[PDB]
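Here's the structure we're looking at; comments come further down.
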Amino acid sequence: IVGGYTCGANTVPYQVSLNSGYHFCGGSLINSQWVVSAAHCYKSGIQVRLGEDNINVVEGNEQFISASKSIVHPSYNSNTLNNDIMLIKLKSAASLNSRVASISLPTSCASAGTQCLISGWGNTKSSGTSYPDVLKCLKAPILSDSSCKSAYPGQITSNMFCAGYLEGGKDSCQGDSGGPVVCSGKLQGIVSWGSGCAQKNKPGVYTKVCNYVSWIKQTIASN
Ligand SMILES: [Ca+2]
């Protein structure tokens, strides 16, 4: 997260860290046994870390649970990043409490102008590299589809939306991928891609979760 603020320990209780020996992507807990993330975060050997603030220090509220199954969306396209969503099943159910909690799926899509919360442990600089150890937060609005398509000609599908600031300075970034965009208490986006980070006229692009609710619910029901 570039240009954000320190969330505070366990104030984003649905945020997860995907660990393969190190943090490499975010995700969101959607019930006691399932996480949603970005398909471009796919790899084998994932451990899901819940209840994290400082990902390099054991602070006492963590739960570490290995993945038993990962399901990349059937139509994921790694070249365009269309359908950049995957589901991860945990080997055992998480213990839900005030600091580890699921985020509701949306019943309706969010409109441009809605303010959302984006969070992650990704890079905090637009030029250079500095990775934080505590969770960072950003409040950002959903941008109009017209402005999104104008920023990224020929690259925005109906399964994507832009959020952030056309003036630059505030954005998600590398290492935030897979993490949540929460608007009015519902999961509306997944950190997916962008051109650099926090650059003028290049806002972040997010997977549009409301398009996938039926697939998520059907998949969870049968796996
Ligand atoms: Ca920790």
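Residues are named by chain letter and number: chains run A, B, ... in the order of the structure tokens, numbers start at 1 in each chain, and ligands are numbered from 1 in the order shown.
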
Within 8 Å of residue A:135 using only C-alpha atoms, minus same-chain residues under 6 positions, as number ranges by chain: A: 6-9, 53-54, 119-121

Which residues sit within 9 Å of ligand 1, counting only C-alpha atoms and all ligand atoms, listed as a PyMOL selection string? chain A and resi 49-62+133-134

For a quick check of understanding, using only C-alpha atoms, which of A:170, A:69, A:197, A:41 has the smallest distance to residue A:128?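 Result for the nearest residue to residue A:128: A:197.
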
Would you mind listing what lies within 7 Å of stretch 15-17 of chain A as a ChimeraX atom specification, with only C-alpha atoms counted and same-chain residues fewer than 3 positions away left out? /A:12,23,25-29,48-50

Restricting the output to N, CA and C atoms, write the selected residues as a short mmCIF file (atom, residue, chain, number, x, y, z; two decimals), in the first residue's frame.
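Output (result_33.cif):
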```cif
data_model
loop_
_atom_site.label_atom_id
_atom_site.label_comp_id
_atom_site.auth_asym_id
_atom_site.auth_seq_id
_atom_site.Cartn_x
_atom_site.Cartn_y
_atom_site.Cartn_z
N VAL A 12 -8.61 -5.42 10.82
CA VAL A 12 -9.10 -5.90 9.54
C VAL A 12 -9.15 -7.41 9.67
N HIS A 23 5.74 -14.23 3.11
CA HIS A 23 4.50 -13.63 2.61
C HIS A 23 4.61 -13.36 1.11
N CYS A 25 1.23 -13.01 -0.90
CA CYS A 25 -0.04 -12.48 -1.38
C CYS A 25 -1.00 -12.37 -0.21
N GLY A 26 -2.00 -11.52 -0.40
CA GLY A 26 -3.09 -11.40 0.53
C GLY A 26 -4.26 -12.30 0.13
N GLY A 27 -5.28 -12.28 0.97
CA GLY A 27 -6.53 -12.96 0.71
C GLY A 27 -7.54 -12.52 1.75
N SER A 28 -8.76 -13.03 1.60
CA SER A 28 -9.87 -12.70 2.50
C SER A 28 -10.56 -13.97 2.96
N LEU A 29 -10.81 -14.06 4.26
CA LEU A 29 -11.58 -15.15 4.84
C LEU A 29 -13.08 -14.92 4.62
N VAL A 48 -2.01 -20.66 5.03
CA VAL A 48 -2.79 -19.46 5.25
C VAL A 48 -2.54 -18.98 6.68
N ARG A 49 -2.19 -17.71 6.84
CA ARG A 49 -1.94 -17.13 8.15
C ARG A 49 -3.02 -16.11 8.48
N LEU A 50 -3.77 -16.40 9.54
CA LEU A 50 -4.87 -15.58 10.01
C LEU A 50 -4.46 -14.85 11.27
#
```

Restricting the calculation to only C-alpha atoms, which member of A:164, A:194, A:179, A:13 is positioned closest to residue A:38?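 The answer is A:179, which sits nearest to residue A:38.
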
Quote the spacing between atom CA of residue A:174 and atom CA of residue A:130 in Å to one decimal place.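 Here the two named atoms are 10.6 Å from each other.
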
Non-local contacts of residue A:169 (12 Å; only C-alpha atoms; under 2 positions in same chain excluded) as an MDAnalysis selection string: chainID A and resid 1:4 124:127 138 140 164:167 171:173 196:204

Could you please write out, as a ChimeraX atom specification, every residue of stretch 1-111 of chain A that DSSP assigns to strand (DSSP E or B)? /A:2,5-6,15-19,23-31,34-37,47-50,63-72,77,82,86-90,104

Could those selected residues go to a file with N, CA and C atoms, as a compact mmCIF listing (two decimals), in the first residue's frame?
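selection-v2.txt, freshly written:
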```txt
# COMPACT_ATOMS: atom_id res chain seq x y z
N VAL A 2 0.70 2.08 -0.98
CA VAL A 2 1.42 3.35 -1.09
C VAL A 2 0.49 4.46 -0.60
N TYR A 5 -2.13 4.22 5.70
CA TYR A 5 -1.90 4.37 7.12
C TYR A 5 -1.81 2.99 7.76
N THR A 6 -1.18 2.95 8.93
CA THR A 6 -1.11 1.71 9.70
C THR A 6 -2.50 1.36 10.23
N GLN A 15 -8.54 -10.20 6.90
CA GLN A 15 -7.32 -10.19 6.09
C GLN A 15 -6.47 -11.41 6.41
N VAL A 16 -6.01 -12.10 5.37
CA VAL A 16 -5.08 -13.21 5.55
C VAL A 16 -3.80 -12.92 4.78
N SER A 17 -2.75 -13.59 5.22
CA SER A 17 -1.46 -13.63 4.54
C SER A 17 -1.28 -15.04 4.00
N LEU A 18 -0.92 -15.15 2.72
CA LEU A 18 -0.58 -16.43 2.11
C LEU A 18 0.93 -16.58 2.19
N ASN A 19 1.38 -17.66 2.82
CA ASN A 19 2.79 -17.86 3.12
C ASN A 19 3.27 -19.14 2.46
N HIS A 23 5.74 -14.23 3.11
CA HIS A 23 4.50 -13.63 2.61
C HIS A 23 4.61 -13.36 1.11
N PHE A 24 3.63 -13.80 0.33
CA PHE A 24 3.64 -13.48 -1.09
C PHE A 24 2.33 -12.93 -1.63
N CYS A 25 1.23 -13.01 -0.90
CA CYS A 25 -0.04 -12.48 -1.38
C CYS A 25 -1.00 -12.37 -0.21
N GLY A 26 -2.00 -11.52 -0.40
CA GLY A 26 -3.09 -11.40 0.53
C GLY A 26 -4.26 -12.30 0.13
N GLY A 27 -5.28 -12.28 0.97
CA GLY A 27 -6.53 -12.96 0.71
C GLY A 27 -7.54 -12.52 1.75
N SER A 28 -8.76 -13.03 1.60
CA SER A 28 -9.87 -12.70 2.50
C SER A 28 -10.56 -13.97 2.96
N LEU A 29 -10.81 -14.06 4.26
CA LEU A 29 -11.58 -15.15 4.84
C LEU A 29 -13.08 -14.92 4.62
N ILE A 30 -13.74 -15.83 3.90
CA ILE A 30 -15.17 -15.67 3.63
C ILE A 30 -16.04 -16.63 4.42
N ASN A 31 -15.44 -17.60 5.11
CA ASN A 31 -16.12 -18.40 6.13
C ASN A 31 -15.03 -19.20 6.84
N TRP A 34 -12.82 -21.29 4.11
CA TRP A 34 -12.51 -20.87 2.76
C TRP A 34 -11.97 -19.45 2.70
N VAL A 35 -10.96 -19.28 1.85
CA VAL A 35 -10.31 -18.00 1.58
C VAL A 35 -10.46 -17.69 0.10
N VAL A 36 -10.63 -16.42 -0.23
CA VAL A 36 -10.61 -16.00 -1.63
C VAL A 36 -9.41 -15.09 -1.87
N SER A 37 -8.77 -15.28 -3.02
CA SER A 37 -7.56 -14.55 -3.37
C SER A 37 -7.55 -14.36 -4.88
N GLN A 47 0.44 -22.00 3.00
CA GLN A 47 -0.05 -21.93 4.37
C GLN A 47 -0.78 -20.61 4.53
N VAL A 48 -2.01 -20.66 5.03
CA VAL A 48 -2.79 -19.46 5.25
C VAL A 48 -2.54 -18.98 6.68
N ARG A 49 -2.19 -17.71 6.84
CA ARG A 49 -1.94 -17.13 8.15
C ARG A 49 -3.02 -16.11 8.48
N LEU A 50 -3.77 -16.40 9.54
CA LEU A 50 -4.87 -15.58 10.01
C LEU A 50 -4.46 -14.85 11.27
N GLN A 63 -3.39 -17.71 13.65
CA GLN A 63 -3.73 -19.10 13.35
C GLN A 63 -3.08 -19.43 12.02
N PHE A 64 -2.33 -20.52 11.99
CA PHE A 64 -1.63 -20.97 10.79
C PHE A 64 -2.28 -22.28 10.34
N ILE A 65 -2.87 -22.28 9.16
CA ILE A 65 -3.59 -23.44 8.66
C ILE A 65 -3.18 -23.70 7.22
N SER A 66 -2.76 -24.93 6.94
CA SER A 66 -2.38 -25.30 5.58
C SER A 66 -3.61 -25.40 4.68
N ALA A 67 -3.41 -25.12 3.40
CA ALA A 67 -4.43 -25.33 2.38
C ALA A 67 -4.53 -26.80 2.00
N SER A 68 -5.76 -27.27 1.82
CA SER A 68 -6.00 -28.63 1.36
C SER A 68 -6.31 -28.69 -0.13
N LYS A 69 -6.88 -27.63 -0.68
CA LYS A 69 -7.27 -27.59 -2.08
C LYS A 69 -7.27 -26.14 -2.52
N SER A 70 -6.84 -25.89 -3.75
CA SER A 70 -6.94 -24.58 -4.37
C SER A 70 -7.70 -24.71 -5.68
N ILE A 71 -8.55 -23.74 -5.98
CA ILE A 71 -9.38 -23.78 -7.18
C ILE A 71 -9.27 -22.44 -7.88
N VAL A 72 -8.55 -22.43 -9.00
CA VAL A 72 -8.45 -21.25 -9.84
C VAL A 72 -9.70 -21.18 -10.72
N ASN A 77 -7.45 -16.05 -17.29
CA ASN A 77 -6.51 -15.80 -18.39
C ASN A 77 -5.32 -15.04 -17.82
N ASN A 82 -8.03 -11.45 -16.86
CA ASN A 82 -9.48 -11.61 -16.75
C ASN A 82 -9.82 -12.82 -15.89
N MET A 86 -9.36 -16.87 -7.18
CA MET A 86 -9.25 -18.28 -6.83
C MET A 86 -9.79 -18.47 -5.42
N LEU A 87 -10.10 -19.72 -5.12
CA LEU A 87 -10.61 -20.14 -3.82
C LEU A 87 -9.63 -21.14 -3.22
N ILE A 88 -9.40 -21.01 -1.92
CA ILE A 88 -8.50 -21.88 -1.16
C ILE A 88 -9.29 -22.50 -0.01
N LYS A 89 -9.30 -23.82 0.08
CA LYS A 89 -9.91 -24.48 1.22
C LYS A 89 -8.86 -24.79 2.28
N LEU A 90 -9.18 -24.47 3.53
CA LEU A 90 -8.32 -24.79 4.64
C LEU A 90 -8.50 -26.24 5.09
N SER A 104 -18.46 -10.71 4.56
CA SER A 104 -19.63 -11.10 3.79
C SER A 104 -19.40 -10.90 2.30
```

Backbone DSSP call of alpha helix (DSSP H) for stretch 5-185 of chain A, listed as a list in words: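 So, restricting stretch 5-185 of chain A to alpha helix (DSSP H), we get residues 145, 146, 147, 148, 149, 150 and 151 of chain A.
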
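Across A:207, A:214, A:80, A:10, the tightest approach to residue A:101 is made by A:10 when counting only C-alpha atoms.
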
Contacts of residue A:73 at 9 Å (only C-alpha atoms; same-chain gap of 4+ positions) as a list in words: residues 39, 83, 84, 85, 86, 87 and 215 of chain A

Convert the current residue selection to file output with N, CA, C and O atoms, as a compact mmCIF listing (two decimals), in the first residue's frame.
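As a result, selection.txt now contains:
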```txt
# COMPACT_ATOMS: atom_id res chain seq x y z
N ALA A 39 -6.18 -15.34 -8.64
CA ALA A 39 -5.64 -16.50 -9.35
C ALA A 39 -4.15 -16.33 -9.65
O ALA A 39 -3.41 -17.31 -9.65
N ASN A 83 -10.77 -12.64 -14.97
CA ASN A 83 -11.22 -13.68 -14.03
C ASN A 83 -10.11 -14.03 -13.04
O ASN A 83 -9.83 -15.20 -12.78
N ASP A 84 -9.48 -13.00 -12.51
CA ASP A 84 -8.36 -13.15 -11.57
C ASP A 84 -8.89 -13.41 -10.16
O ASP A 84 -8.92 -12.53 -9.30
N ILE A 85 -9.34 -14.64 -9.94
CA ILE A 85 -9.91 -15.02 -8.66
C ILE A 85 -9.64 -16.51 -8.43
O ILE A 85 -9.63 -17.30 -9.37
N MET A 86 -9.36 -16.87 -7.18
CA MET A 86 -9.25 -18.28 -6.83
C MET A 86 -9.79 -18.47 -5.42
O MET A 86 -9.88 -17.53 -4.63
N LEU A 87 -10.10 -19.72 -5.12
CA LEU A 87 -10.61 -20.14 -3.82
C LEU A 87 -9.63 -21.14 -3.22
O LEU A 87 -9.11 -22.01 -3.92
N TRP A 215 -20.61 -18.58 -8.61
CA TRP A 215 -19.53 -19.56 -8.72
C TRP A 215 -18.94 -19.87 -7.34
O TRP A 215 -18.68 -21.04 -7.02
```

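Taking atom CA of residue A:220 and atom CA of residue A:14 as the two end points, the separation is 17.6 Å.
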
For residue A:143, please output as number ranges by chain all residues within 6 Å (counting only C-alpha atoms; exclusion window: fewer than 3 positions along the same chain). A: 112, 162-163

How about saving the chosen residues, N, CA, C and O atoms kept, as a short mmCIF file (atom, residue, chain, number, x, y, z; two decimals), in the first residue's frame?
```cif
data_model
loop_
_atom_site.label_atom_id
_atom_site.label_comp_id
_atom_site.auth_asym_id
_atom_site.auth_seq_id
_atom_site.Cartn_x
_atom_site.Cartn_y
_atom_site.Cartn_z
N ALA A 112 -19.70 3.32 -8.73
CA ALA A 112 -18.66 4.34 -8.70
C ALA A 112 -18.98 5.38 -7.64
O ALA A 112 -20.14 5.74 -7.42
N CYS A 162 -11.81 -0.10 -11.47
CA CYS A 162 -10.71 0.73 -11.00
C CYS A 162 -11.10 1.38 -9.68
O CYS A 162 -12.25 1.81 -9.51
N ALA A 163 -10.14 1.51 -8.79
CA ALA A 163 -10.34 2.27 -7.57
C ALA A 163 -9.05 3.01 -7.24
O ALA A 163 -7.96 2.54 -7.56
#
```
